[PDB]
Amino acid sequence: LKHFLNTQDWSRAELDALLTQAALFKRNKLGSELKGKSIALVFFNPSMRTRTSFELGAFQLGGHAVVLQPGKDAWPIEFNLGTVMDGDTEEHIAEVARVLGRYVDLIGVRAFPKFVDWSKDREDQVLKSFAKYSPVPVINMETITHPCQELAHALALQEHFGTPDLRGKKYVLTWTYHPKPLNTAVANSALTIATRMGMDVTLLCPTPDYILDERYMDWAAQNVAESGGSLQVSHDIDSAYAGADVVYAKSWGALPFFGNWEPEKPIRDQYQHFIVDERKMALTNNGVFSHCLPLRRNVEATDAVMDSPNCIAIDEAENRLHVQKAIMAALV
């Protein structure tokens, strides 16, 4: 059974096919690829674009999406094995995935880390459990990676430059400020797809404590050696931005501080100058700027940058709809 858990699991040819089908769907939005079919959208965390785009995507292809929120409307779910369920969880994922598999044709799942212990969060237990027990394809709607975002982002870049080949472009993945410590998922995914696409990637972050999990740094290294791109880490803003063709910003909590955030608060607070403003963008090669959203204006990026004609964030957001339709079509 084929699932869409990570782009890293897919061959470059398969990903190129997905991006092309996405472009095709963007030209002809209504279809029958999902006629009479359905997808269960399981959300363990908030969402506006993901829920809306998947729900509309299902509708536009003749199917139907059922939106579920365990702990809210649906019953809370247990993922650990062999435990005595006398706690807060009401049922086990074994039953949840098997039951949904009798109803729907696809299952999407969104589950952010708990931010208590990265050793536990990095195992991707929720997503892996759905893929293990589900008799139908499972789609990652964001856990510790965000593959749907990767493709929406990639398509937006190929559209901007007018070509599917992004090799040679200088890509800057920069950490940015935020009052709270967030998920590294989008950053992990950006690093992954940017290198898979063969760009010259620079991971710009405040300190070594903000470097991404080795798993993704390794994927990136492997992707560069295969795509012909490059990878490097930087703690110097001006050098990183210089000559950049693309700048993608995202805020995330330092992995070393999982379960111990109050000491990280003062640390991030002394780097709010990482905010993407006109000055930094002016150092780029008339580069484009994007963000996965939701975005806090004048915190992660300034009003000027967001409203500049070089910001393609709205186009990338729109593309979530198109690439997800390609993903669902491919899996059914």
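Note that residue numbering follows the sequence shown and begins at 1.
Here the stretch with the larger average CA B-factor, out of 140-148 and 211-219, is 211-219.
Comparing 282-290 with 30-38, the higher mean C-alpha B-factor in the PDB entry belongs to 282-290. The PDB entry assigns the greatest CA B-factor among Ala190, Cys205, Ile93, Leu155 to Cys205. Per the deposited record, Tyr241 carries the highest C-alpha B-factor of all listed residues (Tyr248, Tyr103, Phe112, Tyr241).
Compared with the other modelled residues of the chain, the Cα B-factor recorded for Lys2 ranks in the highest third.
Compared with the other modelled residues of the chain, the Cα B-factor recorded for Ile327 ranks in the lowest third. Compared with the other modelled residues of the chain, the Cα B-factor recorded for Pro46 ranks in the middle third. Among all modelled residues in its chain, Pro70 ranks in the middle third by Cα B-factor.
The deposited CA B-factor of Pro76 belongs to the middle third of values across its chain.
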